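Participant: Take this structure, written in structure tokens, and hold onto it; I'll ask about it next.
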Amino acid sequence: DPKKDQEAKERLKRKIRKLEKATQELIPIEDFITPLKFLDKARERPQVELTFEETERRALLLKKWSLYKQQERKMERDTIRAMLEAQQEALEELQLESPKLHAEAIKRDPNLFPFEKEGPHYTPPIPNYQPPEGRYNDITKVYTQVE
Amino acid sequence: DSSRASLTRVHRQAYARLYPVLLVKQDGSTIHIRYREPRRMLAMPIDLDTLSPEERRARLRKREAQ
Amino acid sequence: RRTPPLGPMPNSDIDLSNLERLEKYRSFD
Amino acid sequence: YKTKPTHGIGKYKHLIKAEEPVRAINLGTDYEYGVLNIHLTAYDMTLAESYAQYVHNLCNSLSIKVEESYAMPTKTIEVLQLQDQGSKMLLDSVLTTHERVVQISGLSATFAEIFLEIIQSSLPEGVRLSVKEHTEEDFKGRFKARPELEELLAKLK
Amino acid sequence: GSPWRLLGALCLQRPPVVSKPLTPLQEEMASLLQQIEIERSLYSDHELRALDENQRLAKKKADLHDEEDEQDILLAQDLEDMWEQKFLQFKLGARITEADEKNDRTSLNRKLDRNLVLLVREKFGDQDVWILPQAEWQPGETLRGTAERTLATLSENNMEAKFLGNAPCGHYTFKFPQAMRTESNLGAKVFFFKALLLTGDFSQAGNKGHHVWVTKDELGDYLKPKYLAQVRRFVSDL
RNA sequence: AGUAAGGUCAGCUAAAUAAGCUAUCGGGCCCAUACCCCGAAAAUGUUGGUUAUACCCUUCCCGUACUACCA
């Protein structure tokens with residue numbers, strides 16, 4: 001027992017220490033990795049040269065797109081500025097009225113996080129909708145680290 | 001705005017063609033996603049394994065007596 | 001032995017407290 | 001030279017962050033939040049990546065430091081539907097879930113309300129937004145599992 | 001105390017339910033990006049299936065050299081027909097609902113692509129003034145907590161709101177008319193707090209005369225010109 | 001006090017694809033035990049570094065070894 005049970009546990013710890021101190025491999029991202037099926041030249045569609053009118057139309061559209069996105073940024077940037085000016089002015093007014101409430105207002109919110117919000121749908125949910133019967137099967141590949 | 005960063009394209013050198021499809025959810029809501037095949041719409045079925053056992057039997061009774 | 005500089009030393013206006021938050025050049029030009 | 005008034009004119013390392021070599025999680029103060037992970041879950045890969053780029057650029061314009069931008073492993077789930085007048089489940093479609101995470105830190109408590117309002121208003125359709133405080137478990141979830149370490153740990157248990 | 005009266009207002013907002021329709025300029029850009037994506041994309045399995053099926057028909061008509069009889073039951077073009085038929089049968093939800101048609105500014109089912117802000121009507125000095133929900137501050141309670149208490153004081157509502165932060169999003173200071181203006185009560189200082197309406201709605205007891213939901217563009221119809229200006233600062237219409 | 005050298009299956013040795021033998025576990029043989037037969041399991045003193053590791057170097061520890069002389 002002293003030469004078998006005690007010695008077994010010591011060697012188990014040595015293996016754990018080597019594995020814990022070893023570098024950990026990241027899980028590969030399938031999105032960034034190009035599948036080998038795409039490398040096959042059979043999937044390469046023929047390329048059709050764009051006409052002069054078609055290229056001219058795209059170039060003018062891109063030029064108009066730059067101005068459109070610039071105006072969107074201006075509206076968004078002014079929206080942030082408008083909120084910031086109002087919030088800072090409100091805090092100054094609150095501090096003058098009651099300094100004690102100002103201190104609580106500037107504190108962080110422990111219940112703020114986690115914050116979850118889902119994007120709007122293309123169509124509203126149907127009030128009386130019956131989805132079909134089915135099952136969800138997960139086939140996500142599991143990657144394990146060896147050596 | 002929902003269109004702030006919606007008009008995008010696949011930023012990959014090699015990628016298969018993707019078709020605009022509608023993903024019908026369990027509540028009837030739909031979203032625009034890309035799918036491998038040009039299926040005009042996709043419906044997500046309600047998982048029968050996630051319901052309570054009592055409600056599963058009631059759903060089965062509705063299935064029967066056709 | 002030291003002698004004080006005759007004028008403003010270079011990089012004296014740089015605030016070292018907020019060095020992380022200071023904007024860097026990021027480019028050669 | 002040391003004795004000359006121009007001593008130390010050539011000093012440059014005091015203007016450079018000391019880089020003298022995983023990462024400790026810095027908890028925020030009572031007025032600033034700690035390290036935050038901004039998860040972006042969507043069924044469309046393009047929407048998830050595009051909005052993560054938008055969030056990354058938004059933080060730079062707002063002078064919010066971005067710790068790291070990375071992608072979580074893609075989850076693939078088979079979608080099966082029951083055939084009409086049958087009890088057999090048949091595969092219908094394959095759906096892949098793509099998650100993009102943008103890590104920020106140093107967010108002010110007062111400015112958090114404005115920052116969260118802007119990002120939620122610009123959320124694309126079909127994209128799920130989830131902002132969580134960075135924890136060790138989330139970082140460790142990006143690494144491959146080690147069954148050999150688990151097997152040895154089971155013996156100790 | 002102070003001559004001013006502390007008031008905590010709640011700026012409850014309904015996030016848009018559906019995505020905003022694309023602008024005519026964005027529609028051109030969206031088509032171009034889709035067109036560019038197809039041009040630079042490789043052949044998909046569906047596309048490869050159609051090309052091979054066309055070749056098999058040529059390899060079956062030009063020469064009788066095909067050594068397989070079963071081949072494939074359903075062609076790629078035929079398979080698209082089944083998908084197209086199912087799509088036509090399915091009916092999408094109405095983006096514009098009956099509330100928009102009837103201009104029912106009480107229900108939450110109106111303008112799903114816009115942002116709605118809760119407004120209530122309160123009577124002060126025998127005068128009906130439309131203001132955001134608010135309540136008077138009480139000892140031993142934070143300013144944000146008063147806004148939370150305001151939601152519970154509404155007329156038979158089970159709504160759940162998610163407050164964002166503790167600092168107020170804005171303020172509105174007004175003085176009482178000189179008829180009742182006194183040193184003890186010079187005026188009031190309203191503080192606004194924004195929250196997101198997760199779920200819930202008011203009951204059917206009182207709807208028209210109790211509360212209304214309007215966007216920022218039509219928000220000026222109910223608010224006073226001085227009161228509207230402060231509200232339009234922390235309320236966005238992105 | 002100095003210097004040399006060694007640290008490996010429970011044990012003892014060989015090799016650094018870490019194996020053989022005994023021991024050990026399970027089965028068979030036998031009224032039973034042992035021998036025997038089949039099969040399984042079982043380790044690099046430790047520290048860190050050696051492209052990366054092991055046989056290497058090196059940290060530390062146990063034991064071993066030689067020298068400690070002349071007036």
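Residue numbering restarts at 1 for every chain of the structure tokens, chains are lettered A, B, ... in their displayed order, and ligands are numbered from 1 as they appear.
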Just the residues within 8 Å of stretch 23-32 of chain F, please, counting only C-alpha atoms (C1' of nucleotides), with nothing from its chain fewer than 6 positions along; format it as a PyMOL selection string.

Facilitator: chain F and resi 10-11+38-41

Participant: Give me, as CSV, the closest atom pair and its distance (Å, one decimal) for every residue of chain E within a cut-off of 6 Å of chain A, counting only C-alpha atoms, rows sorted by chain and rising number.

Facilitator:
```
residue,atom,partner,partner_atom,distance
E:17,CA,A:120,CA,5.1
E:18,CA,A:120,CA,4.7
E:19,CA,A:120,CA,5.4
E:42,CA,A:44,CA,5.3
E:43,CA,A:43,CA,4.5
E:93,CA,A:123,CA,5.3
E:95,CA,A:123,CA,5.9
E:165,CA,A:109,CA,5.7
E:166,CA,A:105,CA,4.8
E:167,CA,A:105,CA,4.3
E:169,CA,A:87,CA,4.7
E:170,CA,A:90,CA,5.0
E:171,CA,A:90,CA,5.1
E:233,CA,A:82,CA,5.8
E:234,CA,A:83,CA,4.9
```

Participant: Can those selected residues be exported to a file as a compact mmCIF listing (two decimals), in the first residue's frame so that it contains C-alpha atoms?

Facilitator:
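Printed below is part.txt as written:
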```txt
# COMPACT_ATOMS: atom_id res chain seq x y z
CA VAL E 17 -40.96 45.13 -34.34
CA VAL E 18 -40.16 44.92 -38.06
CA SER E 19 -37.23 46.21 -40.09
CA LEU E 42 -18.53 29.49 -57.29
CA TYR E 43 -21.03 26.98 -58.64
CA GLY E 93 -47.67 38.59 -41.56
CA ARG E 95 -46.42 44.68 -41.73
CA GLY E 165 -28.36 53.00 -16.60
CA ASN E 166 -28.95 55.13 -13.52
CA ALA E 167 -28.16 58.65 -14.75
CA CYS E 169 -31.42 61.02 -19.91
CA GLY E 170 -32.74 64.58 -19.63
CA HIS E 171 -34.51 67.14 -17.49
CA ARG E 233 -33.25 65.61 -27.30
CA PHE E 234 -32.94 62.20 -25.62
```

Participant: Could you pull the residues within 12 Å of residue A:131, counting only C-alpha atoms (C1' of nucleotides), minus those fewer than 4 positions along the same chain, as a list in words?

Facilitator: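 Neighbouring residues, sequence-local ones excluded: residues 125, 126 and 135 of chain A; 24, 25, 26, 27, 28, 29, 42, 43, 44, 45, 46, 47 and 48 of chain B; 81 and 82 of chain D; 90 of chain E.
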
Participant: Would you save the residues of that selection, restricted to N, CA and C atoms, as an mmCIF file, in the first residue's frame?

Facilitator:
```cif
data_model
loop_
_atom_site.group_PDB
_atom_site.id
_atom_site.type_symbol
_atom_site.label_atom_id
_atom_site.label_comp_id
_atom_site.auth_asym_id
_atom_site.auth_seq_id
_atom_site.Cartn_x
_atom_site.Cartn_y
_atom_site.Cartn_z
ATOM 1 N N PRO A 125 -44.954 38.379 -36.044
ATOM 2 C CA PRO A 125 -45.432 37.016 -35.781
ATOM 3 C C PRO A 125 -46.924 36.884 -36.050
ATOM 4 N N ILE A 126 -47.309 35.732 -36.580
ATOM 5 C CA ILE A 126 -48.718 35.463 -36.875
ATOM 6 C C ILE A 126 -49.445 35.158 -35.568
ATOM 7 N N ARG A 135 -37.803 18.007 -35.349
ATOM 8 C CA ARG A 135 -36.781 17.869 -34.323
ATOM 9 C C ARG A 135 -35.504 18.568 -34.770
ATOM 10 N N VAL B 24 -38.858 31.144 -41.677
ATOM 11 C CA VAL B 24 -40.078 31.235 -40.883
ATOM 12 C C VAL B 24 -39.805 30.627 -39.514
ATOM 13 N N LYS B 25 -40.034 31.408 -38.463
ATOM 14 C CA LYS B 25 -39.791 30.950 -37.107
ATOM 15 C C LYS B 25 -41.040 30.271 -36.549
ATOM 16 N N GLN B 26 -40.936 29.797 -35.305
ATOM 17 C CA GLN B 26 -42.042 29.071 -34.690
ATOM 18 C C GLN B 26 -43.234 29.979 -34.409
ATOM 19 N N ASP B 27 -43.002 31.279 -34.247
ATOM 20 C CA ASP B 27 -44.072 32.229 -33.981
ATOM 21 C C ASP B 27 -44.654 32.839 -35.248
ATOM 22 N N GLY B 28 -44.188 32.419 -36.422
ATOM 23 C CA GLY B 28 -44.631 32.986 -37.674
ATOM 24 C C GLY B 28 -43.790 34.134 -38.185
ATOM 25 N N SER B 29 -42.873 34.652 -37.372
ATOM 26 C CA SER B 29 -41.990 35.718 -37.819
ATOM 27 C C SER B 29 -40.980 35.185 -38.828
ATOM 28 N N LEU B 42 -38.023 28.909 -45.647
ATOM 29 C CA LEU B 42 -37.636 27.856 -44.719
ATOM 30 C C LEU B 42 -38.421 28.035 -43.431
ATOM 31 N N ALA B 43 -39.009 26.949 -42.940
ATOM 32 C CA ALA B 43 -39.799 26.968 -41.718
ATOM 33 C C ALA B 43 -39.085 26.166 -40.641
ATOM 34 N N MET B 44 -38.926 26.765 -39.462
ATOM 35 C CA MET B 44 -38.328 26.067 -38.333
ATOM 36 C C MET B 44 -39.426 25.334 -37.579
ATOM 37 N N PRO B 45 -39.441 24.004 -37.579
ATOM 38 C CA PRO B 45 -40.498 23.280 -36.869
ATOM 39 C C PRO B 45 -40.340 23.389 -35.362
ATOM 40 N N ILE B 46 -41.471 23.296 -34.665
ATOM 41 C CA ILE B 46 -41.449 23.252 -33.210
ATOM 42 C C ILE B 46 -40.913 21.898 -32.766
ATOM 43 N N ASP B 47 -39.954 21.916 -31.845
ATOM 44 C CA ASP B 47 -39.322 20.680 -31.403
ATOM 45 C C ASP B 47 -40.272 19.908 -30.495
ATOM 46 N N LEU B 48 -40.626 18.689 -30.908
ATOM 47 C CA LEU B 48 -41.535 17.870 -30.116
ATOM 48 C C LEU B 48 -40.863 17.276 -28.887
ATOM 49 N N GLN D 81 -38.123 17.616 -40.287
ATOM 50 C CA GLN D 81 -39.560 17.821 -40.217
ATOM 51 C C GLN D 81 -40.278 16.500 -40.448
ATOM 52 N N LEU D 82 -41.427 16.350 -39.796
ATOM 53 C CA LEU D 82 -42.207 15.125 -39.902
ATOM 54 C C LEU D 82 -42.968 15.095 -41.221
ATOM 55 N N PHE E 90 -47.994 29.851 -48.475
ATOM 56 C CA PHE E 90 -47.740 30.494 -47.194
ATOM 57 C C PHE E 90 -48.020 31.989 -47.275
#
```

Participant: Enumerate, as JSON, numbers by chain, the complete set of residues in stretch 3-235 of chain E that a backbone-based DSSP assignment places in strand (DSSP E or B).

Facilitator: {"E": [4, 5, 6, 7, 8, 9, 10, 11, 12, 13, 14, 18, 42, 116, 117, 118, 119, 120, 121, 122, 123, 128, 129, 130, 131, 134, 135, 136, 157, 160, 161, 162, 163, 170, 171, 172, 173, 174, 175, 187, 188, 189, 190, 191, 192, 193, 194, 195, 196, 197, 198, 199, 202, 211, 212, 213, 214]}

Participant: Using only C-alpha atoms and a distance of at most 12 Å, pull out the residues of chain D that contact chain C, as an MDAnalysis selection string.

Facilitator: chainID D and resid 1:18 60:61 63:66 106

Participant: Selection from above, C-alpha atoms, as a short mmCIF file (atom, residue, chain, number, x, y, z; two decimals), in the first residue's frame, can you write it?

Facilitator:
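out_7.cif, written as the output of this step:
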```cif
data_model
loop_
_atom_site.label_atom_id
_atom_site.label_comp_id
_atom_site.auth_asym_id
_atom_site.auth_seq_id
_atom_site.Cartn_x
_atom_site.Cartn_y
_atom_site.Cartn_z
CA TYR D 1 25.84 64.84 -22.33
CA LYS D 2 24.86 64.66 -18.65
CA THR D 3 26.21 68.04 -17.54
CA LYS D 4 24.86 69.88 -20.59
CA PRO D 5 21.37 71.43 -20.52
CA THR D 6 20.44 69.23 -23.50
CA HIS D 7 20.69 66.09 -21.35
CA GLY D 8 17.96 63.54 -21.98
CA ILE D 9 16.77 65.14 -25.22
CA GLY D 10 17.02 61.73 -26.90
CA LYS D 11 14.87 59.85 -24.37
CA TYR D 12 12.05 57.95 -26.07
CA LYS D 13 11.05 54.91 -23.99
CA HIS D 14 9.12 57.04 -21.50
CA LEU D 15 6.73 57.84 -24.38
CA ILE D 16 6.17 54.13 -25.13
CA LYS D 17 4.04 51.62 -23.25
CA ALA D 18 6.27 49.10 -21.48
CA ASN D 60 -13.06 53.76 -32.24
CA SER D 61 -15.08 56.86 -33.12
CA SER D 63 -12.87 56.52 -28.10
CA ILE D 64 -13.78 53.17 -26.52
CA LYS D 65 -10.86 50.75 -26.38
CA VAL D 66 -11.43 47.43 -28.14
CA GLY D 106 -13.34 51.12 -19.94
#
```

Participant: Taking only C-alpha atoms (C1' of nucleotides) into account, which residues of chain F are within 12 Å of chain A, as number ranges by chain?

Facilitator: F: 9-11, 24, 42-46, 52-53

Participant: At a cut-off of 7 Å, list the chain D residues touching chain B, using only C-alpha atoms, as a short mmCIF file (atom, residue, chain, number, x, y, z; two decimals) with N, CA, C and O atoms, in the first residue's frame.

Facilitator:
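This is the output file part_4.cif:
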```
data_model
loop_
_atom_site.label_atom_id
_atom_site.label_comp_id
_atom_site.auth_asym_id
_atom_site.auth_seq_id
_atom_site.Cartn_x
_atom_site.Cartn_y
_atom_site.Cartn_z
N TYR D 43 -28.10 33.77 -37.92
CA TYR D 43 -28.08 32.64 -38.83
C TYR D 43 -27.38 32.95 -40.15
O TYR D 43 -27.09 32.02 -40.91
N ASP D 44 -27.11 34.22 -40.43
CA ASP D 44 -26.41 34.63 -41.64
C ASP D 44 -25.00 35.06 -41.28
O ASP D 44 -24.82 35.93 -40.41
N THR D 46 -22.79 36.71 -43.12
CA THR D 46 -22.47 38.06 -43.55
C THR D 46 -23.00 39.10 -42.57
O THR D 46 -22.31 40.08 -42.26
N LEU D 47 -24.22 38.91 -42.07
CA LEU D 47 -24.80 39.87 -41.14
C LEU D 47 -24.01 39.94 -39.84
O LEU D 47 -23.78 41.03 -39.30
N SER D 50 -20.56 41.68 -40.62
CA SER D 50 -20.70 43.08 -40.99
C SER D 50 -21.02 43.95 -39.78
O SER D 50 -20.46 45.04 -39.62
N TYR D 51 -21.92 43.48 -38.91
CA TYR D 51 -22.27 44.28 -37.74
C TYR D 51 -21.13 44.33 -36.74
O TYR D 51 -20.95 45.35 -36.06
N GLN D 81 -38.12 17.62 -40.29
CA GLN D 81 -39.56 17.82 -40.22
C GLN D 81 -40.28 16.50 -40.45
O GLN D 81 -39.80 15.64 -41.19
N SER D 121 -30.28 50.12 -31.75
CA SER D 121 -31.09 50.72 -32.80
C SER D 121 -30.61 50.31 -34.19
O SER D 121 -31.39 50.33 -35.14
N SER D 122 -29.33 49.95 -34.31
CA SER D 122 -28.75 49.57 -35.59
C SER D 122 -28.66 48.06 -35.78
O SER D 122 -28.01 47.60 -36.72
N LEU D 123 -29.28 47.28 -34.90
CA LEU D 123 -29.17 45.83 -34.98
C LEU D 123 -29.87 45.32 -36.24
O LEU D 123 -31.05 45.61 -36.45
N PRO D 124 -29.18 44.57 -37.09
CA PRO D 124 -29.81 44.07 -38.32
C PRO D 124 -30.84 42.99 -38.03
O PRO D 124 -30.88 42.39 -36.95
N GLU D 125 -31.69 42.76 -39.02
CA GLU D 125 -32.70 41.71 -38.91
C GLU D 125 -32.04 40.34 -38.85
O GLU D 125 -31.07 40.07 -39.56
N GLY D 126 -32.56 39.48 -37.98
CA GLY D 126 -32.02 38.14 -37.83
C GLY D 126 -30.76 38.05 -37.01
O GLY D 126 -30.18 36.97 -36.91
#
```

Participant: Could you find all residues in stretch 71-138 of chain A that DSSP calls helix (DSSP H, G or I) from the backbone, and write them as a PyMOL selection string?

Facilitator: chain A and resi 71-97+99-105

Participant: Quick one: write out the picked residues with C-alpha atoms as a PDB file, in the first residue's frame?

Facilitator:
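Saved result, out.pdb, follows:
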```
ATOM      1  CA  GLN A  71     -25.132  61.583 -44.287  1.00  0.00           C
ATOM      2  CA  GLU A  72     -26.117  58.501 -42.271  1.00  0.00           C
ATOM      3  CA  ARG A  73     -22.990  58.906 -40.140  1.00  0.00           C
ATOM      4  CA  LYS A  74     -23.777  62.595 -39.618  1.00  0.00           C
ATOM      5  CA  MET A  75     -27.288  61.776 -38.392  1.00  0.00           C
ATOM      6  CA  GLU A  76     -25.927  59.064 -36.092  1.00  0.00           C
ATOM      7  CA  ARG A  77     -23.061  61.245 -34.841  1.00  0.00           C
ATOM      8  CA  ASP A  78     -25.439  64.119 -34.087  1.00  0.00           C
ATOM      9  CA  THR A  79     -27.800  61.685 -32.349  1.00  0.00           C
ATOM     10  CA  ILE A  80     -25.006  60.644 -29.979  1.00  0.00           C
ATOM     11  CA  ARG A  81     -24.051  64.286 -29.408  1.00  0.00           C
ATOM     12  CA  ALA A  82     -27.671  65.256 -28.718  1.00  0.00           C
ATOM     13  CA  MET A  83     -28.039  62.485 -26.132  1.00  0.00           C
ATOM     14  CA  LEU A  84     -24.690  63.291 -24.508  1.00  0.00           C
ATOM     15  CA  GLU A  85     -25.414  67.017 -24.181  1.00  0.00           C
ATOM     16  CA  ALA A  86     -28.850  66.357 -22.678  1.00  0.00           C
ATOM     17  CA  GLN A  87     -27.586  63.729 -20.224  1.00  0.00           C
ATOM     18  CA  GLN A  88     -24.669  65.869 -19.031  1.00  0.00           C
ATOM     19  CA  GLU A  89     -26.908  68.926 -18.644  1.00  0.00           C
ATOM     20  CA  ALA A  90     -29.443  66.836 -16.715  1.00  0.00           C
ATOM     21  CA  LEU A  91     -26.732  65.568 -14.355  1.00  0.00           C
ATOM     22  CA  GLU A  92     -25.555  69.119 -13.639  1.00  0.00           C
ATOM     23  CA  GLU A  93     -29.114  70.214 -12.837  1.00  0.00           C
ATOM     24  CA  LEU A  94     -29.636  67.179 -10.593  1.00  0.00           C
ATOM     25  CA  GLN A  95     -26.423  67.853  -8.658  1.00  0.00           C
ATOM     26  CA  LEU A  96     -27.493  71.424  -7.881  1.00  0.00           C
ATOM     27  CA  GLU A  97     -30.947  70.324  -6.704  1.00  0.00           C
ATOM     28  CA  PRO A  99     -26.140  66.270  -4.450  1.00  0.00           C
ATOM     29  CA  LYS A 100     -27.062  62.963  -2.794  1.00  0.00           C
ATOM     30  CA  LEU A 101     -29.216  61.812  -5.717  1.00  0.00           C
ATOM     31  CA  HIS A 102     -26.492  62.864  -8.164  1.00  0.00           C
ATOM     32  CA  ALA A 103     -24.046  60.430  -6.549  1.00  0.00           C
ATOM     33  CA  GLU A 104     -26.457  57.518  -7.005  1.00  0.00           C
ATOM     34  CA  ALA A 105     -27.244  58.546 -10.593  1.00  0.00           C
TER      35      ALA A 105
END
```

Participant: Give me the residues within 6 Å of stretch 14-26 of chain A as a ChimeraX atom specification, counting only C-alpha atoms (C1' of nucleotides) and dropping any in the same chain fewer than 6 places off.

Facilitator: /D:142-144

Participant: Mind dumping a table of every chain D residue within 8 Å of chain A, with the nearest atom pair and its distance in Å to one decimal, using only C-alpha atoms, sorted by chain and rising number, as a tab-separated table?

Facilitator:
```
residue	atom	partner	partner_atom	distance
D:30	CA	A:107	CA	6.0
D:31	CA	A:107	CA	5.2
D:32	CA	A:108	CA	6.7
D:33	CA	A:108	CA	7.2
D:45	CA	A:31	CA	7.9
D:71	CA	A:29	CA	7.2
D:72	CA	A:29	CA	7.1
D:73	CA	A:29	CA	5.1
D:74	CA	A:29	CA	6.4
D:75	CA	A:140	CA	5.4
D:76	CA	A:140	CA	4.9
D:77	CA	A:138	CA	4.3
D:78	CA	A:137	CA	4.8
D:79	CA	A:136	CA	5.2
D:80	CA	A:135	CA	5.4
D:81	CA	A:134	CA	4.0
D:82	CA	A:134	CA	5.4
D:89	CA	A:134	CA	6.9
D:109	CA	A:108	CA	4.9
D:110	CA	A:106	CA	6.0
D:111	CA	A:84	CA	7.8
D:114	CA	A:83	CA	6.9
D:118	CA	A:80	CA	7.7
D:120	CA	A:117	CA	6.8
D:123	CA	A:119	CA	5.5
D:124	CA	A:119	CA	5.7
D:125	CA	A:119	CA	4.8
D:126	CA	A:119	CA	5.6
D:127	CA	A:119	CA	5.3
D:128	CA	A:118	CA	4.5
D:129	CA	A:117	CA	5.0
D:130	CA	A:116	CA	4.4
D:131	CA	A:115	CA	5.2
D:132	CA	A:114	CA	4.7
D:133	CA	A:113	CA	7.0
D:142	CA	A:27	CA	5.8
D:143	CA	A:26	CA	4.2
D:144	CA	A:144	CA	5.1
D:145	CA	A:144	CA	4.9
D:146	CA	A:145	CA	5.1
D:147	CA	A:144	CA	7.0
D:148	CA	A:146	CA	7.5
D:149	CA	A:19	CA	6.5
D:152	CA	A:12	CA	6.9
D:153	CA	A:16	CA	7.7
D:156	CA	A:9	CA	7.8
```

Participant: When you get a sec, could you note down which chain E residues fall within 9 Å of chain B, using only C-alpha atoms, as a ChimeraX atom specification?

Facilitator: /E:18-22,26,29-30,33-34,36-47,80,83-84,86-87,90,92-93,237-238

Participant: Just to be explicit: take each residue in the selection above, keep N, CA and C atoms, and write the result as a short mmCIF file (atom, residue, chain, number, x, y, z; two decimals), in the first residue's frame.

Facilitator:
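Ended up saving to out_13.cif:
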```cif
data_model
loop_
_atom_site.label_atom_id
_atom_site.label_comp_id
_atom_site.auth_asym_id
_atom_site.auth_seq_id
_atom_site.Cartn_x
_atom_site.Cartn_y
_atom_site.Cartn_z
N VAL E 18 -40.60 45.34 -36.74
CA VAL E 18 -40.16 44.92 -38.06
C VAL E 18 -39.07 45.88 -38.55
N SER E 19 -38.30 45.40 -39.52
CA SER E 19 -37.23 46.21 -40.09
C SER E 19 -37.80 47.33 -40.95
N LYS E 20 -37.13 48.48 -40.93
CA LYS E 20 -37.57 49.61 -41.73
C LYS E 20 -37.40 49.30 -43.21
N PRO E 21 -38.38 49.66 -44.04
CA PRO E 21 -38.25 49.42 -45.48
C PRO E 21 -37.06 50.15 -46.07
N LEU E 22 -36.41 49.51 -47.04
CA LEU E 22 -35.23 50.10 -47.67
C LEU E 22 -35.61 51.31 -48.50
N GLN E 26 -31.18 52.60 -51.48
CA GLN E 26 -30.67 51.35 -50.91
C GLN E 26 -31.11 50.14 -51.72
N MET E 29 -28.62 49.68 -54.39
CA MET E 29 -27.39 49.14 -53.82
C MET E 29 -27.55 47.68 -53.43
N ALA E 30 -28.71 47.32 -52.87
CA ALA E 30 -28.93 45.93 -52.46
C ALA E 30 -28.90 44.99 -53.66
N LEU E 33 -25.21 44.59 -54.84
CA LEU E 33 -24.44 43.70 -53.97
C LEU E 33 -24.83 42.24 -54.19
N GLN E 34 -26.13 41.98 -54.36
CA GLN E 34 -26.56 40.63 -54.69
C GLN E 34 -26.04 40.21 -56.06
N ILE E 36 -23.29 41.37 -57.54
CA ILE E 36 -21.85 41.17 -57.41
C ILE E 36 -21.56 39.84 -56.72
N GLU E 37 -22.36 39.51 -55.70
CA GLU E 37 -22.13 38.27 -54.95
C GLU E 37 -22.27 37.05 -55.85
N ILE E 38 -23.27 37.05 -56.73
CA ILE E 38 -23.47 35.92 -57.64
C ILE E 38 -22.32 35.83 -58.63
N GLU E 39 -21.84 36.97 -59.12
CA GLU E 39 -20.78 36.97 -60.12
C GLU E 39 -19.49 36.35 -59.58
N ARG E 40 -19.13 36.67 -58.34
CA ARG E 40 -17.88 36.22 -57.76
C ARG E 40 -18.01 34.91 -56.99
N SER E 41 -19.18 34.28 -57.01
CA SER E 41 -19.40 33.04 -56.29
C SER E 41 -19.15 31.84 -57.19
N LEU E 42 -18.73 30.74 -56.57
CA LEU E 42 -18.53 29.49 -57.29
C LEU E 42 -19.86 28.78 -57.50
N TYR E 43 -19.84 27.77 -58.37
CA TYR E 43 -21.03 26.98 -58.64
C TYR E 43 -21.46 26.21 -57.40
N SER E 44 -22.73 26.33 -57.05
CA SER E 44 -23.28 25.60 -55.91
C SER E 44 -23.71 24.20 -56.34
N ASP E 45 -24.06 23.38 -55.34
CA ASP E 45 -24.49 22.02 -55.63
C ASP E 45 -25.77 22.01 -56.45
N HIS E 46 -26.69 22.93 -56.16
CA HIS E 46 -27.91 23.04 -56.96
C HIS E 46 -27.58 23.43 -58.40
N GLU E 47 -26.66 24.39 -58.58
CA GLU E 47 -26.26 24.78 -59.92
C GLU E 47 -25.54 23.65 -60.64
N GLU E 80 -37.13 23.07 -58.00
CA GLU E 80 -37.43 24.47 -57.71
C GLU E 80 -38.93 24.74 -57.76
N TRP E 83 -40.60 24.08 -54.36
CA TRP E 83 -40.32 25.16 -53.41
C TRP E 83 -41.15 26.40 -53.73
N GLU E 84 -41.30 26.72 -55.01
CA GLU E 84 -42.07 27.90 -55.40
C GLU E 84 -43.54 27.75 -55.04
N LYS E 86 -44.87 25.98 -52.57
CA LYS E 86 -45.06 26.09 -51.12
C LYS E 86 -45.00 27.55 -50.67
N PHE E 87 -44.11 28.34 -51.27
CA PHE E 87 -43.98 29.74 -50.88
C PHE E 87 -45.26 30.52 -51.15
N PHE E 90 -47.99 29.85 -48.47
CA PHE E 90 -47.74 30.49 -47.19
C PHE E 90 -48.02 31.99 -47.27
N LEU E 92 -47.50 35.68 -45.43
CA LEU E 92 -46.68 36.41 -44.48
C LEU E 92 -47.54 37.31 -43.59
N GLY E 93 -46.98 37.68 -42.44
CA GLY E 93 -47.67 38.59 -41.56
C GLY E 93 -47.77 39.98 -42.16
N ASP E 237 -34.92 58.91 -33.44
CA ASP E 237 -35.79 58.33 -34.47
C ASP E 237 -34.95 57.69 -35.56
N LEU E 238 -33.93 56.93 -35.16
CA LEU E 238 -33.06 56.26 -36.12
C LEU E 238 -33.78 55.08 -36.77
#
```

Participant: Taking 4 positions as the minimum chain separation for residues in the same chain, which residues sit within 8 Å of stretch 47-50 of chain F when counting only C-alpha atoms (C1' of nucleotides)? Answer as an MDAnalysis selection string.

Facilitator: chainID F and resid 56:60
